[PDB]
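Order of the sequence lines sets the chain letters (A, B, ...), proteins ahead of strands, with each chain counted from 1.
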Amino acid sequence: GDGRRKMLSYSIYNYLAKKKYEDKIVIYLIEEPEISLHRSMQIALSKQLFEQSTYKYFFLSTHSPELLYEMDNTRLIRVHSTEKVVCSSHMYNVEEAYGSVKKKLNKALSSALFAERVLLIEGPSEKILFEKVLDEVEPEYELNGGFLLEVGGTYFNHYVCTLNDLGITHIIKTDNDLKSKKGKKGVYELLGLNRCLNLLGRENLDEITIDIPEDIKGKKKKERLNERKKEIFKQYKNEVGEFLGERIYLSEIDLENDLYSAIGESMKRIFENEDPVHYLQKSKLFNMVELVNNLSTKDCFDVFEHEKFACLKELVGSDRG
Amino acid sequence: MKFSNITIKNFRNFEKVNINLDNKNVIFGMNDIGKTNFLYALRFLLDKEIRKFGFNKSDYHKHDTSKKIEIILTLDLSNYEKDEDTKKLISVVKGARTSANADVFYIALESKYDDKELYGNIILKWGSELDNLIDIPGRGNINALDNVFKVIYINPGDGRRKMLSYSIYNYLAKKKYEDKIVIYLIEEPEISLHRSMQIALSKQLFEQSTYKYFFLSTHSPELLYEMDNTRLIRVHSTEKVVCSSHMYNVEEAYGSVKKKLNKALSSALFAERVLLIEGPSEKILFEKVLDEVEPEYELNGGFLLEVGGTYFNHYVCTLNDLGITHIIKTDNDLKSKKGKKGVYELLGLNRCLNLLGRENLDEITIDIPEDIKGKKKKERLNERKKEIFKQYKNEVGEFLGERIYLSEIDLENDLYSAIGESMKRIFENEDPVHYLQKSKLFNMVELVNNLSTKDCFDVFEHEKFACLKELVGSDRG
Amino acid sequence: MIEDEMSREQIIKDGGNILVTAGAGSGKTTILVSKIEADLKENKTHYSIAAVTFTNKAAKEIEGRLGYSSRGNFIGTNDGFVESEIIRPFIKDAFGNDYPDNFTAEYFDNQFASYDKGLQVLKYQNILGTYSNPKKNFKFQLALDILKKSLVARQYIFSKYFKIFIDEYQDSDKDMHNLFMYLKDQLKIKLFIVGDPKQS
Ligand SMILES: Nc1ncnc2c1ncn2[C@@H]1O[C@H](COP(=O)(O)OP(=O)(O)OP(=O)(O)O)[C@@H](O)[C@H]1O
Ligand SMILES: [Mg+2]
Ligand SMILES: [Mg+2]
């Protein structure tokens, strides 16, 4: 048959390299090892290729994202598809702080290494909304080398340094958050602004505090936190402009307030409430599916040619000039 | 008009295998299991260049050469009007059709070994009944089956030459074979192909009308990103060769989320045991626990599938018709209705009851004082979820018998039931559950940064996390 | 250029029913084989044509003028076309398995002139006779009866046969005209009829 003959031939070559060539320096040159191979055998070959010490020196050409699931301490070379043949090199390492989330990062980055323009989103609600909008506007976005990459609970530097060293265009759409500290009441740290300032090459900002009355909670406490986020986004305006020059797109409050700025009369029509923003934020997965089941054409274009959604126009690549 | 069935008896690794078919068939499976021996059964039936050499000793089941090789194909033929291919079949056959059985057709292949000339002669037949199959008439090297079907077999600088050769094969099928029924047999088209070209081949193969009939064998999940109106065939890796079939369709209710479902399910079709979870927080926690306990789980055929904002029926029907083990871990939720205050619906219990084969329950109504909000409202809702989980106990037991695992309140309360001393140690609060539930994507990373060995085992051998022991597959018996 | 090429564009590129008011003979065979080779040139699908004559000498002369065709085009007499295309593949599907498949036309002994005694001597003696009236056709009436009876015969001659080219219509019976009208009106087959100016 196939496959097991190829995996037999790998063990024949590794047995001949272990036995006959103890006195020599062995370099493997592997040309496309995913051919006629199951993906579980690709993950097994990836674990043997990056974890074991029997492949000390190799050069690997591949087309498969599932065979880069175990990558660490390697050198990634990308050949660019431009008019001049440019090779870009990156020394890929995974840090000791990221060792508990290593497999998630390697699967997500290993699918994204074979792209040209990568949009970095937070969770699956952005994936549902942007897949509906990019299905209705430009449905061949992934044929042309676009990618959607959900990066949750991380500080963006690993993905941006790996894609920036390889010549792959990274776009980040995010929002500024006020995370409450553990063991402390009333003191909120600026999460999204420190993530974007850490991407720009700055230090982390100081922990701000805001005081509320104790009976004031519920929807009113979220409105006080929203106007506090609006005052932070107003006062740090020249940092937001140089985030915007470096393809970092910070929202004022959330994604939902930008969507209410774009398609908010349709959101009042669908949800039939006076607060369509709060109703989607009560349950984010089920109400985004309920919203994208009821949008159509000329709502997705209202999302796409809005000024708060220029990350999608960067991802497609259509320019006026 | 339409393929319906193929029955393969006493061939190379098929003893008696019956497969329901359609147009646009996609077959998948493991290595050395018989994917390309399925396509050689179609080459020996319908292509003359394979059929002219006969059968060897090695084409018989377990080198026996005393049984008869029999390959029978069933055609549907129910639409005589408006389809030109039914007229293309009916104008050649002329004498074995019956008006009482005018909406079925059979093309059969028989072979008995000689064991003097050392040769297996192939005799082809058609008919409209399974008894009285007359021989296909022919003169010389040409019979009348070759006047109907034309079989194009595709098997692969590089890359751009193969996509040129696809256009050469489609140009020759558009120009020279207008009067014939064309069947494509494609054997692994992901070889030396970039993944954008695989998505482009998937879109051309499933959306355009230039591939009316094909049989596709593949190993690549990116070439099933656009699958719709197809027949999925899985060859099982057991001690007996079993082929399962599913008629894959995407509903009109799921048409706005079709690409997300197709990417998530197309990665999950190449597995053996699939766990269905809700979001990425379960993915982060289960990837940390399965990294610490059984780190070769995806080598052995396990898969973590995040499904969100759906009703579980599409994935369970596709994985259950293909013979793939599906495990669902979920939690019961009280979703608030739009335009109505105080009336909730029982969302996780309705999802499990819709999976089991029942109807949705009635909308419950719980009322609260208006000043009582914040953390006390969530405690009243958790006590209402506990009363729902206590009163529907015999439904929860038969969810548990069908590998559905419904939580009492949430994942986080089960995690506090397992490792909650360590959750008190890490978060240093009196409420470790609520601090985890404030920012879910950042405190789960903060939690799994600080766990180690014997906390992941306390997650793993707990009785509220038997879905992980189902996903790995380790049994005491 | 001008009216000669315009008249050739009219008389070559037709697609409908053809009825030419021309005499018997006088070069009709050359324009018939020119129409047959123009219809074989102009067709690109899987359909096939039929040619019906009376004598075997004109049939082998037409087979000499065409040569070889691999499209399944039938050229022959009317009794051979009815016997090999209508009667023999569909008698077992129309009237059951009691009637024989193979049969020979021997009309030198039986002179029976009724339909009921004809059907009981195909049932019992398994041979066919001829009528005492010479303006009769038992085989064409049997072909019309089993084309009215069978569904798959109508499906086969709707799927295969496209046009029928008829020669020597001046000496014909009304049953052949009834069967050709039954092929014309329902199953959509064009007709090419040559004839006579007056009497002859
Ligand atoms: N005559 C025979 N008798 C018994 N077993 C046979 C015979 N011919 C083939 N086989 C078996 O059938 C299998 C042939 O593998 P095959 O190439 O069909 O698999 P596959 O699923 O297409 O593989 P891959 O995924 O690696 O491309 C082997 O297990 C072989 O032992
Ligand atoms: Mg194979
Ligand atoms: Mg190459």
Is it the case that over 12 heavy atoms from other parts of the model lie below 6.0 angstrom from the [atom1] atom of [X]?
| X | atom1 | answer |
| --- | --- | --- |
| B/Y311 | OH | no |
| B/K338 | NZ | yes |
| A/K184 | NZ | no |
| B/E421 | CD | no |
| A/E96 | CD | no |
| B/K373 | NZ | yes |

Euclidean distance, [Y] [atom2] relative to [X] [atom1], rounded to 0.5 Å:
| X | Y | atom1 | atom2 | result |
| --- | --- | --- | --- | --- |
| A/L149 | A/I172 | CG | CD1 | 9.0 Å |
| A/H170 | A/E246 | NE2 | CD | 8.0 Å |
| A/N194 | A/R202 | CG | CZ | 13.0 Å |
| A/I168 | A/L76 | CD1 | CG | 9.0 Å |
| A/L190 | A/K229 | CG | NZ | 8.5 Å |
| A/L105 | A/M71 | CG | CE | 9.0 Å |

What is the minimum heavy-atom distance between [X] and [Y], and which atoms define it?
| X | Y | value |
| --- | --- | --- |
| B/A466 | B/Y405 | CB-CE2, 3.9 Å |
| A/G153 | A/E122 | N-OE2, 3.6 Å |
| B/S267 | B/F303 | CB-CZ, 3.7 Å |
| B/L441 | A/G152 | CD1-CA, 4.1 Å |

Any side-chain to backbone donor/acceptor pair from [X] onto [Y]? Under 3.5 Å, distance only.
| X | Y | value |
| --- | --- | --- |
| B/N413 | B/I409 | no |
| A/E272 | A/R269 | no |
| B/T365 | B/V343 | no |
| B/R351 | B/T310 | yes |
| A/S100 | B/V448 | yes |
| A/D175 | A/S251 | no |
| A/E136 | A/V133 | no |
| A/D258 | A/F309 | no |
| A/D72 | A/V94 | yes |
| A/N287 | A/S283 | yes |

Next on the checklist: With no hydrogens and no angle check, just 3.5 Å: does a side-chain donor-acceptor pair link A/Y92 and A/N106?
Outcome noted: yes
Checklist entry - Regarding A/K308 and A/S261, is there a side-chain donor-to-acceptor distance under 3.5 Å anywhere? => result yes
With a 4.0 Å cut-off, would you call [X] and [Y] a salt bridge?
| X | Y | value |
| --- | --- | --- |
| B/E287 | A/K107 | yes |
| A/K181 | B/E446 | no |
| A/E307 | A/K313 | no |
| A/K103 | B/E298 | no |
| B/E387 | B/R384 | yes |
| A/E256 | A/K282 | no |
| A/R117 | A/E314 | no |

Checklist entry - Pick one: which of A/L119, A/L250, A/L120, A/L315 meets side-chain contact (heavy atoms from CB on, under 4.5 Å) with A/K173? => result A/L119
Next on the checklist: Is there a side chain to side chain contact (heavy atoms under 4.5 Å, CB included) between A/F156 and A/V151? Walk through the geometry before answering.
Outcome noted: CA-CA 8 Å; A/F156 299 145; A/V151 290; 3.7 Å; yes
Checklist outcome for this item: Sorted by chain and number, sequence neighbours left out, ring-ring contact (aromatic ring centres under 6.0 Å, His included) with B/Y297 holds for none
Item to check | Of A/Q281, A/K219, A/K268, the residue whose pairing with A/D275 passes side-chain hydrogen bond (donor to acceptor under 3.5 Å, both in side chains) | outcome: A/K219
